[PDB]
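Comments concern the structure below.
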Protein chains: 4
Amino acid sequence: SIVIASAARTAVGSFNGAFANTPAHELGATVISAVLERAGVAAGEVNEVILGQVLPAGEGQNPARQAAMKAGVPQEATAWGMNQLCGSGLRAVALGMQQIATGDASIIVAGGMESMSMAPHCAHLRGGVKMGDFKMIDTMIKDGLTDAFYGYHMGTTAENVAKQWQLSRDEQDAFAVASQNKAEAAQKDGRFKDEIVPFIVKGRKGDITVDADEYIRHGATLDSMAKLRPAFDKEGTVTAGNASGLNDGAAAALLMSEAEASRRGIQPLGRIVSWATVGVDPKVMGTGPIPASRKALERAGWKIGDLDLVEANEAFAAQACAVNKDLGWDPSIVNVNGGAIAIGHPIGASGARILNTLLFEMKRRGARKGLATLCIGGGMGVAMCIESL
Amino acid sequence: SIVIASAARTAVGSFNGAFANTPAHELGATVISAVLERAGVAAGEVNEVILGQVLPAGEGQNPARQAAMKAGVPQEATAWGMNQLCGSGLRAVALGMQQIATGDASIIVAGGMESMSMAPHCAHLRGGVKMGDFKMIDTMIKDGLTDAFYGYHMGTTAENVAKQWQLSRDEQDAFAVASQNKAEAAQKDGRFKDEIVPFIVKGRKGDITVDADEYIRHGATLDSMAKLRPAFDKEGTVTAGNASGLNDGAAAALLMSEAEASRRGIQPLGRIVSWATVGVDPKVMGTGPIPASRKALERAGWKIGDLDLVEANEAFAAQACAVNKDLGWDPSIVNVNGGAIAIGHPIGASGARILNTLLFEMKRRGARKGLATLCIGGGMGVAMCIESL
Amino acid sequence: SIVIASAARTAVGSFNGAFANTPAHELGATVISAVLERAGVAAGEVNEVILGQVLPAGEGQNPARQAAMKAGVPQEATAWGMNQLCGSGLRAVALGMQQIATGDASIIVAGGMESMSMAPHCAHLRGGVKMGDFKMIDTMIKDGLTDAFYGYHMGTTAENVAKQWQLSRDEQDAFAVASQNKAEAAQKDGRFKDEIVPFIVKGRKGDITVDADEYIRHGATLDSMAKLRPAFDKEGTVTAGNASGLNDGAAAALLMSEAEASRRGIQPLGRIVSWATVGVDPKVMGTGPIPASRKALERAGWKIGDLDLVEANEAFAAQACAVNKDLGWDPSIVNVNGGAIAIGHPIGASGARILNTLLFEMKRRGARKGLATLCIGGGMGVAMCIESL
Amino acid sequence: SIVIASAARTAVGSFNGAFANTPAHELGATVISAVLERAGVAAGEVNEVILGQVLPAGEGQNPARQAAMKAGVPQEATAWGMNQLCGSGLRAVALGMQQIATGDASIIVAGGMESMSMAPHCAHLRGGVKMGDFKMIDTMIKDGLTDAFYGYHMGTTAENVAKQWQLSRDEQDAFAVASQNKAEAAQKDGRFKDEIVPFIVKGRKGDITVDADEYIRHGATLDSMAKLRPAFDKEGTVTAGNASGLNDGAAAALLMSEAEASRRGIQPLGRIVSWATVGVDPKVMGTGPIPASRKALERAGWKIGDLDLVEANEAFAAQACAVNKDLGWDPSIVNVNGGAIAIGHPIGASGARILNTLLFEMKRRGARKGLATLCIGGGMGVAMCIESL
Ligand SMILES: CC(=O)SCCNC(=O)CCNC(=O)[C@H](O)C(C)(C)COP(=O)(O)OP(=O)(O)OC[C@H]1O[C@@H](n2cnc3c(N)ncnc32)[C@H](O)[C@@H]1OP(=O)(O)O
Ligand SMILES: CC(=O)SCCNC(=O)CCNC(=O)[C@H](O)C(C)(C)COP(=O)(O)OP(=O)(O)OC[C@H]1O[C@@H](n2cnc3c(N)ncnc32)[C@H](O)[C@@H]1OP(=O)(O)O
Ligand SMILES: CC(=O)SCCNC(=O)CCNC(=O)[C@H](O)C(C)(C)COP(=O)(O)OP(=O)(O)OC[C@H]1O[C@@H](n2cnc3c(N)ncnc32)[C@H](O)[C@@H]1OP(=O)(O)O
Ligand SMILES: CC(=O)SCCNC(=O)CCNC(=O)[C@H](O)C(C)(C)COP(=O)(O)OP(=O)(O)OC[C@H]1O[C@@H](n2cnc3c(N)ncnc32)[C@H](O)[C@@H]1OP(=O)(O)O
């Protein structure tokens, strides 16, 4: 029924690094043209562009429409942004699948984009401040990384799961090192090259082509990992080294019925067999993926053991270990090329970034059944099962 | 197959008016609870909440999830926000319907919410400003009302459509006055009572219950209308009087299969027969509804003549006249109780606001076929056809 | 040797009141024009303009020169601002006197101006804020009213003075109320008309002439003052009622040698016999007037008992009572037309505002010896003796 | 009559350089302690502290007093800041002299301090911004470098002066390069060591001692000056290389009667023989020094040819050449150790910084008569004559 004809993602930038002054719709446009080019589909055949994006403050009207127009998709197609926090990227793909499944569209470009670097500071000032100091709020932290129910950071929610699952520092640290070493190993062997579409950082005193994940760290040591101080709980266990980072990036998929891809002679990266989204306690939002994955598997008619490859988003080492511990899937087939701790976590783009890595790894090793899943702030999980053809 | 079991909207606040300090999710909570109580469905039975919202800067992580939790939808449910600018409120409902249509959900609350008053001022300040003044940008203007491709305001787009359609000042003014007069009549006659759920503005020095659309102007004259100066084009034709305003509000609908409503004893407000979204030139974005309405009639298998009631959002008199002129529907069945010029236009909530208006008027006059449509900044239209049961 | 030929002040405005959006330099230029007019002196004869001013942030290069240029003082004269906090308006007069006493000028305009309403919020942003919320600081509080050594408000130094002199709430409120009733009666009787020069607040939708002190409360009651909550110490004694307010105004004096005023046939408002400035502990800065008045009296060769009238500025009733208790002057000759609790406290202007008040009352009742004195944040006092000719 | 018993200055910091986060009062405190130590005068004997400062926004209540307290000056002493823009640090000395001349003080510490790096960005937000962007104003530019009458930067006044005196790019550049070459030669030979007092930048990760002017460029080339583009008039003649910079620093002098220096066995740096301040057209502010120096010499009884050494502040090479051309003093006795284009221009402190340079060079070469003068924004000049004893 619905297949991902092609896919592409930019490299994931570090915070205030290579994409520091790049609006997310510019990386979005590059990724949208990439998918088109890759499948051999003309921009004019796109019905709609669906892009998850959690932090658009200051970017102007509907950045998803700006991305589409800049990538050549005519003014006749439509475009919209959506937010389901970290799940956005993946959710958007399911939403475009639904556009086709109900017969409302033929071809959708879906994924997410995000510029955490470009997220601005703000204040509500229409009433005015008659007397006294007032806070300038960092919208990336307020609107993207702070739980709205308990007022604390995602990091504390990770601590909640750490304590609850009795996941020691050394255990999270071990997990972190492995994702670095695995992300570094994969990048060195050219395993991220099919998925990445170089992005040209338009300069003045030089244009720069970015085609490598700059957030991965080469030669990560356990010693350096164990000397870092806890970033959220002063006598905590979560640190900067075992937590994902603040990053920029964009990732997308080209969707169409399976019959359509056959009419066009396209070899699809996979069929979307199912997807799902379930809520959980906001305090332990990191557990999100447990219920959602299970549901997704139930809806696809598959067992956990049927999965050949898995991409479970690395928000925090504590949550990742808890996910894997509970689900019990074989660790060796999960984040084979490294995860968000090494790669990065451009919130609104991450769900599509991990779908790209899944998709191109599944083709590369010939795996048939796959699943991508992410935890979501506010206590939610999103999962999707993909099957190759 | 999918019906609108119940619906509710808060009154529409004036800018920095009744809801001046009310966060959009608060307005949404109340509309989530209203739709739930008006259909007899428990919050625990809600699977997902979808809320169109264009300006959430600074409201924290995913205001839709905040709204849902505040209203009592359990943490096991899911929520998300989406942005197709002005069509957001209506598109949510279509998106929600698709959730049930693909069997991924049973019961959904969809609509939109917006606090234009609470939109903050922002600046990207991570680099630091070594020297020189910098701009604190109004996200309301920048992210909600400015065309991202031509840099001008929506009002200019309206001017483009007036010139194009040769719509004179007097003819735009005549439409505005009638909109005010129909809204005022409607309000005096208790015609907005069913759809409105009174909202309690939690005070300190007292609570204030708001149950009336405060932006409608009583006794609007043609003289006062003709004295106003053009707001966007210095020697233009669009004024503050013949353009909608800046406003706050929320509206939603409770969706479920026709079968499910039947199992429950609910008498639905309507069956969603079709919906459609189409793009047009950003410069003449107000023509959006033409192609969109036509596409949705096509998908429903209806002729324009088949409609008994229409709600075509009045962003600007010049675009509303163009639309009506083009489509040729009977003016007498369009915005029977007044439109956005009088009622206001809380961006992300406006499509759900007009769906409420349509739906309660179809039940009260016994209309069978109705259509709701809105122009969208960036150059898009959205439309939905509803049939009574 | 040096006399005050004439003086003028603007009415004192309420915080964000009649001069809510009037830069201080506009209020200062009207006072410069009035002192000139009053003395029969032309703006081309002024050598230098000296204006105390504590909060000039954002008003642009040297506001004293902006006021001087606006008044028509030639470009060949000079002008400068100074800041000895609340004693500023009075210390500028002392400093203007000194220019003439040393032969460096013949004609000086000296006093103060302040727009507390127009003070801005600020932040040091050159280095950049990598991430996190940051404070926008009210410059009026931080630079005008917070002690820099102890970090608390001037209000807390008043509580310190209340404890140490054992001043009860009741005694302070009675002083406060008498301050209001004396001001009201001298306002109603027209005793502020001579000193005040009307200020024209330039409208758009109408020019407004301001010629009355608007912070003075009419029919102030003991009861409503008694009911107020402490404002600085949750369980203190200083309240908004018995403390001075936040205000806007300007005030000045025209100076020249006695011999010069004699050549011109000018009947001066008085001779500056002496002045003094002395420091005290910043914790009890309200006590400043004690050592400073004793020193000005000593330098004049006068006993406390030789004074006929006194203007002892009312920062807080706690400190005014203390000052009066220690000096032991007859209370009936102190602030006979009310004081700053009623009239207000536009920080840099205050010392010249009370000087104007002293001057015009000395002329009206034929008082021969007077003194003006103020307390100063930071732990200082300033006083000036004046004798009539 | 009045002498300068001792003097000291901190090295001049580069913009956002060595003193990037050092509040001005900390730099002033080290210079007050240096002057005391230098004169064998204890802080308990100081009567008053007078500090020129143009941009104190956000540093808290009267920074002059903060500096004085930090240096141990007793709370019984007084302190104030003043602002005659660029003339401030020199005016402070003339005003402190006046304190003593009139018998109100015996011992004064007077000069200036400025942290242009710490000046903040601000906005008047008390009335609120109902809608539309607002500017965050750079207080350094607005309040220190922008002319309030014509709206343009001090650099445009320099273009006015270059046009009017027909100073070519080439001649300004040759003046700029010799200013750098002379300051560098003086720094390398140890000539700034007597006047500089080392300032310790209290760090966390290490304390840094700053005792070298860091803005002076070594091996400055004419070629590099010539290639620069005009900074203020796109087709102008003033550039970043021929203009002074934005800088941080403090400087002062300790003052007492000549008879009191004699009682103490102090060998003073000089006798203040006269000073003067005169205005000029704001558009040609740079010419300030002409009438002020001519008036100061007149008051001294000196002809221009009587001076042995001159410090004429180099705001811009255009105005410094105009001054020199008009006055006609032998250029080889002016700014013999380089001037502000090389050393820097910490607005409020500059006048005291060049007074320190004059004094210590007069003592080294045995120069008997000197003069220090500066141009001032808003159209003013200040000058001081000094004779050695
Ligand atoms: C459901 C969900 O998915 S919710 C999650 C959505 N995203 C999040 O919740 C946020 C996760 N990320 C964050 O919030 C941030 O990245 C934080 C708070 C963990 C870290 O923020 P910062 O302190 O600004 O990060 P930063 O990159 O500076 O880390 C600090 C240091 O850790 C070091 N570090 C990080 N990883 C490693 C590692 N593997 N090995 C060694 N050093 C490391 C960095 O190199 C840096 O060194 P430095 O101090 O010399 O610069
Ligand atoms: C696809 C699309 O939908 S795009 C549309 C999305 N929304 C928009 O595009 C914006 C349209 N609305 C706007 O941008 C604004 O409301 C504007 C620019 C037209 C007006 O903004 P403002 O100038 O701040 O509006 P405001 O309410 O002050 O109008 C000014 C005056 O007009 C008067 N006025 C307005 N309507 C009338 C009337 N019918 N009769 C008499 N006077 C009237 C107001 O009462 C007011 O009088 P006042 O100056 O004494 O207060
Ligand atoms: C050495 C030196 O001079 S330092 C002194 C320099 N100035 C200062 O130190 C500060 C003194 N002033 C202040 O800081 C402020 O005015 C404060 C903190 C005391 C009050 O600030 P606010 O709380 O914002 O003042 P505000 O005007 O709102 O007073 C609150 C209320 O008291 C009421 N009130 C004040 N005086 C009276 C009175 N005499 N009778 C009855 N009610 C009164 C006001 O009407 C107001 O009523 P409301 O809440 O219904 O509006
Ligand atoms: C009365 C009165 O005194 S009014 C005067 C008060 N002060 C003023 O009016 C302002 C004077 N100064 C200024 O406004 C500023 O210094 C300006 C606008 C001229 C320059 O500001 P900026 O552009 O930010 O200065 P900046 O230090 O970056 O200069 C730019 C470049 O010129 C280069 N430059 C400056 N001088 C030289 C030189 N002598 N040789 C070679 N290069 C030089 C700098 O090295 C820098 O190179 P980069 O771009 O690789 O960094």
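Residue names in the structure tokens use chain letters A, B, ... in the order shown, residue numbers from 1 in each chain, and ligand numbers from 1 in the order shown.
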Residues contacting ligand 3 - anything with an atom at most 7 Å away, using only C-alpha atoms and all ligand atoms - can you give me those as a count of residues only? 30
Write out as a ChimeraX atom specification the residues lying within 12 Å of residue C:138, counting only C-alpha atoms and excluding same-chain residues fewer than 6 positions away. /A:129-135 /C:55,57,116-123,144-146 /D:57-60,120-126
From the list A:329, A:175, A:149, A:302, which residue is nearest ligand 1 when using only C-alpha atoms and all ligand atoms?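 Between A:329, A:175, A:149, A:302, the residue approaching ligand 1 most closely is A:175.
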Set the distance at 8 Å and use only C-alpha atoms: which residues neighbour residue A:74 once local chain neighbours fewer than 6 positions away are removed? I'd like the list as a PDB file with N, CA and C atoms, in the first residue's frame.
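Full text of around23.pdb as output:
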```pdb
ATOM      1  N   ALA A  43       9.385  18.076  -9.094  1.00  0.00           N
ATOM      2  CA  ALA A  43       8.818  18.869  -7.986  1.00  0.00           C
ATOM      3  C   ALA A  43       7.328  19.099  -8.168  1.00  0.00           C
ATOM      4  N   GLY A  44       6.894  19.375  -9.396  1.00  0.00           N
ATOM      5  CA  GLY A  44       5.516  19.664  -9.754  1.00  0.00           C
ATOM      6  C   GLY A  44       4.550  18.524  -9.500  1.00  0.00           C
ATOM      7  N   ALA A  68       9.337  24.192   0.812  1.00  0.00           N
ATOM      8  CA  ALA A  68       8.767  23.689  -0.421  1.00  0.00           C
ATOM      9  C   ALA A  68       8.999  24.653  -1.593  1.00  0.00           C
TER      10      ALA A  68
END
```
For residue A:320, work out the shell of residues within 9 Å, counting only C-alpha atoms and skipping chain neighbours fewer than 6 positions away, then give it as a CSV table (one decimal) with C-alpha atoms, in the first residue's frame.
```
chain,number,residue,atom,x,y,z
A,172,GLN,CA,24.8,4.9,30.9
A,175,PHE,CA,26.1,3.0,26.4
A,286,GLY,CA,11.8,8.4,28.1
A,287,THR,CA,9.8,5.2,28.4
A,312,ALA,CA,15.4,3.7,18.9
A,313,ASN,CA,16.2,7.4,19.5
A,314,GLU,CA,19.0,8.1,21.9
```
Which neighbours of residue D:148 fall inside 8 Å, counting only C-alpha atoms, when residues of the same chain fewer than 3 positions from it are skipped, and could you give them as a count of residues only? 6
List every residue of stretch 64-218 of chain D that DSSP, applied to the backbone of this structure, assigns to strand (DSSP E), and report them as JSON, numbers by chain. {"D": [78, 79, 80, 81, 82, 83, 108, 109, 110, 111, 112, 113, 114, 115, 121, 122, 123, 134, 135, 136, 137, 138, 199, 200, 201, 208, 209, 210]}
Write to file, as a short mmCIF file (atom, residue, chain, number, x, y, z; two decimals), in the first residue's frame, the residues of the selection just made, with N, CA and C atoms.
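Listed below is the output, out_37.cif:
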```
data_model
loop_
_atom_site.label_atom_id
_atom_site.label_comp_id
_atom_site.auth_asym_id
_atom_site.auth_seq_id
_atom_site.Cartn_x
_atom_site.Cartn_y
_atom_site.Cartn_z
N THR D 78 32.68 61.68 50.17
CA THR D 78 31.54 61.70 49.26
C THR D 78 32.03 61.31 47.91
N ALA D 79 31.20 61.14 46.88
CA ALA D 79 31.67 60.77 45.55
C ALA D 79 30.49 61.02 44.59
N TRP D 80 30.89 61.38 43.41
CA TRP D 80 29.88 61.61 42.34
C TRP D 80 30.41 61.38 40.93
N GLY D 81 29.50 61.11 39.94
CA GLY D 81 30.07 60.97 38.62
C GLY D 81 29.56 62.17 37.81
N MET D 82 30.21 62.35 36.65
CA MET D 82 29.76 63.51 35.86
C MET D 82 29.95 63.10 34.39
N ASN D 83 29.31 63.90 33.58
CA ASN D 83 29.34 63.56 32.16
C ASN D 83 29.30 64.79 31.21
N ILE D 108 41.20 65.83 46.98
CA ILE D 108 40.25 65.23 46.03
C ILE D 108 41.00 64.26 45.11
N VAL D 109 40.27 63.21 44.76
CA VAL D 109 40.74 62.26 43.75
C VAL D 109 39.79 62.46 42.58
N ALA D 110 40.30 62.86 41.37
CA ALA D 110 39.29 63.14 40.36
C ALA D 110 39.81 62.54 39.07
N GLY D 111 39.02 62.11 38.10
CA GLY D 111 39.50 61.62 36.81
C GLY D 111 38.30 61.04 36.07
N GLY D 112 38.46 59.87 35.41
CA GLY D 112 37.37 59.25 34.78
C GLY D 112 37.49 57.72 34.67
N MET D 113 36.41 57.10 34.36
CA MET D 113 36.43 55.63 34.16
C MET D 113 35.34 55.31 33.13
N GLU D 114 35.62 54.20 32.38
CA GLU D 114 34.66 53.82 31.38
C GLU D 114 34.85 52.39 30.96
N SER D 115 33.72 51.72 30.83
CA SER D 115 33.81 50.32 30.35
C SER D 115 32.91 50.38 29.19
N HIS D 121 22.51 46.91 26.24
CA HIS D 121 21.55 47.21 25.20
C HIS D 121 20.26 47.54 25.97
N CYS D 122 19.46 48.52 25.58
CA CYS D 122 18.25 48.80 26.38
C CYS D 122 17.03 49.13 25.55
N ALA D 123 15.86 49.14 26.20
CA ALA D 123 14.61 49.57 25.54
C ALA D 123 13.65 50.04 26.61
N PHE D 134 10.44 46.21 18.01
CA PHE D 134 11.03 47.37 18.67
C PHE D 134 12.57 47.16 18.63
N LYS D 135 13.30 48.25 18.76
CA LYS D 135 14.77 48.14 18.78
C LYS D 135 15.29 48.01 20.23
N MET D 136 16.33 47.26 20.40
CA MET D 136 17.15 47.00 21.54
C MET D 136 18.34 47.90 21.13
N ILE D 137 18.46 48.98 21.90
CA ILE D 137 19.41 50.03 21.57
C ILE D 137 20.77 49.84 22.22
N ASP D 138 21.82 50.01 21.45
CA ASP D 138 23.15 49.90 21.98
C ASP D 138 23.51 51.23 22.69
N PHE D 199 46.40 46.32 36.47
CA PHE D 199 45.04 45.97 36.88
C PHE D 199 44.92 44.43 36.83
N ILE D 200 44.45 43.88 37.95
CA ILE D 200 44.35 42.39 37.99
C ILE D 200 42.97 41.94 37.56
N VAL D 201 42.80 41.23 36.49
CA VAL D 201 41.46 40.80 36.04
C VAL D 201 41.18 39.52 36.84
N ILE D 208 44.60 37.50 35.80
CA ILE D 208 45.52 37.98 34.76
C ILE D 208 45.89 39.42 35.11
N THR D 209 47.15 39.71 35.06
CA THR D 209 47.60 41.09 35.29
C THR D 209 47.72 41.81 33.96
N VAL D 210 47.06 42.96 33.89
CA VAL D 210 47.08 43.74 32.63
C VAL D 210 47.90 45.02 32.83
#
```
For residue B:327, list every protein, DNA or RNA residue within 9 Å, evaluated using only C-alpha atoms, and leave out those in the same chain fewer than 2 positions away; present the list as a VMD selection string. chain B and resid 290 293 to 294 304 322 to 325 329
Run DSSP on the backbone and give me the residues of stretch 195-333 of chain D it puts in alpha helix (DSSP H), as a short mmCIF file (atom, residue, chain, number, x, y, z; two decimals) with C-alpha atoms, in the first residue's frame.
```cif
data_model
loop_
_atom_site.label_atom_id
_atom_site.label_comp_id
_atom_site.auth_asym_id
_atom_site.auth_seq_id
_atom_site.Cartn_x
_atom_site.Cartn_y
_atom_site.Cartn_z
CA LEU D 222 50.57 52.64 5.64
CA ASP D 223 49.49 50.05 3.03
CA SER D 224 47.10 48.40 5.54
CA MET D 225 45.64 51.80 6.46
CA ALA D 226 45.18 52.79 2.84
CA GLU D 258 50.26 73.53 46.76
CA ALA D 259 50.71 74.55 50.43
CA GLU D 260 49.36 71.20 51.64
CA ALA D 261 51.65 69.22 49.18
CA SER D 262 54.49 71.27 50.68
CA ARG D 263 53.46 70.42 54.28
CA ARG D 264 53.58 66.73 53.27
CA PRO D 289 39.99 72.04 21.18
CA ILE D 290 40.73 75.25 19.24
CA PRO D 291 38.68 77.80 21.29
CA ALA D 292 39.10 75.79 24.58
CA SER D 293 42.90 75.68 24.34
CA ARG D 294 43.05 79.34 23.23
CA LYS D 295 40.85 80.28 26.21
CA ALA D 296 42.91 78.19 28.69
CA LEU D 297 46.21 79.78 27.49
CA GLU D 298 44.64 83.25 27.71
CA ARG D 299 43.58 82.51 31.28
CA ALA D 300 47.05 81.21 32.06
CA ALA D 317 42.94 61.99 12.52
CA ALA D 318 40.78 64.50 10.61
CA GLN D 319 39.97 66.60 13.71
CA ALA D 320 43.45 66.21 15.30
CA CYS D 321 45.00 67.51 12.07
CA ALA D 322 42.52 70.43 11.96
CA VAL D 323 43.31 71.36 15.56
CA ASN D 324 47.02 71.18 14.99
CA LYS D 325 46.74 73.20 11.75
CA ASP D 326 44.67 75.95 13.36
CA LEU D 327 46.56 76.25 16.66
#
```
Name all residues at most 6 Å from stretch 29-41 of chain D (count only C-alpha atoms; drop same-chain ones fewer than 5 positions away) and give them as a PyMOL selection string. chain D and resi 6-9+67+70-71+254
Expected file: the selected residues, C-alpha atoms, as a PDB file, in the first residue's frame:
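Saved the output as again-v6.pdb:
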```pdb
ATOM      1  CA  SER D   6      50.063  62.208  41.944  1.00  0.00           C
ATOM      2  CA  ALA D   7      48.363  60.400  39.085  1.00  0.00           C
ATOM      3  CA  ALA D   8      47.732  56.941  37.715  1.00  0.00           C
ATOM      4  CA  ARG D   9      45.901  55.155  34.959  1.00  0.00           C
ATOM      5  CA  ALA D  67      34.966  52.822  43.205  1.00  0.00           C
ATOM      6  CA  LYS D  70      36.171  49.551  47.086  1.00  0.00           C
ATOM      7  CA  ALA D  71      39.426  51.532  47.351  1.00  0.00           C
ATOM      8  CA  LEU D 254      45.100  63.219  43.403  1.00  0.00           C
TER       9      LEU D 254
END
```
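In this comparison, which uses only C-alpha atoms, the residue of C:161, C:97, C:352, C:358 approaching chain D most closely is C:97.
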